[PDB]
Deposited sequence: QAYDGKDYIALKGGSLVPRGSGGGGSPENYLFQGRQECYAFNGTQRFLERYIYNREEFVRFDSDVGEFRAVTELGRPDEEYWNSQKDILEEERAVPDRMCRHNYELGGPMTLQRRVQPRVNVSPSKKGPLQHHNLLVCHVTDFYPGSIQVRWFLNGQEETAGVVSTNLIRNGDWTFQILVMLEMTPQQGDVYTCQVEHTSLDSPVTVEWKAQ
């Protein structure tokens, strides 16, 4: 249950300067790919990608580091080993709690109060506090699916390991019309429906 990390390389020789790095592990279908990026301000200048197997200058600033580090065999061997060591190690330790985390959505339906500013009569399915981010929201009017007149926000990341989304149906209600929002998400065994009736 301890995460492995990795030392960056120490490169060879109002007012603000910045240096940032990335050590990225891409997990896909039993495989791992490792990228290590070196970034000056917003300019990535050199990278190691395990799919290439050596350092590549991204930009001219990186020219000297590519040349030097690629003739260091011990360093190259350490970088080539990261997918099967650190990446795999960390991916394997997470278990279901990490790789299969689930948090069920809450679902609310109400008319938009914002007509004057939206210029459209919208019924809002606000779906909150869920994880992971993949979700499907469908609208029905008297039991028939409505596929025209549906608009959505982007999937919104709350920053607290949950998401929300607002899915809006443009409506022309008649008395007796019954609208249903149906939410499908992997945290749920069955879809969640919420009804709203035209007053």
Provide the list of deposited-sequence positions lacking C-alpha coordinates, grouped into contiguous ranges. 14 to 26
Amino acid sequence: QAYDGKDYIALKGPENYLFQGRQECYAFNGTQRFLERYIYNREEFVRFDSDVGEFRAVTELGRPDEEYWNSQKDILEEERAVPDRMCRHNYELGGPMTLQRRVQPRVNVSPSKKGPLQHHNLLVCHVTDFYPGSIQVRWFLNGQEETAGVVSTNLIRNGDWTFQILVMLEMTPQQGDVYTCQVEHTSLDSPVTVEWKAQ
From here on, numbers count along this sequence of modelled residues.
When the C-alpha temperature factors are averaged for each of 180 to 188 and 15 to 23, which stretch ends up with the higher value in the entry? 15 to 23
Mean C-alpha B-factor comparison - 61 to 69 and 134 to 142, higher one: 61 to 69
Of the options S152, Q174, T162, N41, which has the highest CA B factor as deposited? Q174
Just grab whichever of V82, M97, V109, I75 has the top CA B-factor as deposited. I75
Third assignment of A198 from its chain's C-alpha B-factors: highest
Sort the modelled residues of this chain by their C-alpha B factor and say whether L93 lands in the lowest, middle or highest third. middle
For the chain shown, is the CA B-factor of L117 in the lowest, middle or highest third of its modelled residues? highest
Chain thirds of CA B-factor: placement of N158: lowest
Sort the modelled residues of this chain by their C-alpha B factor and say whether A148 lands in the lowest, middle or highest third. highest
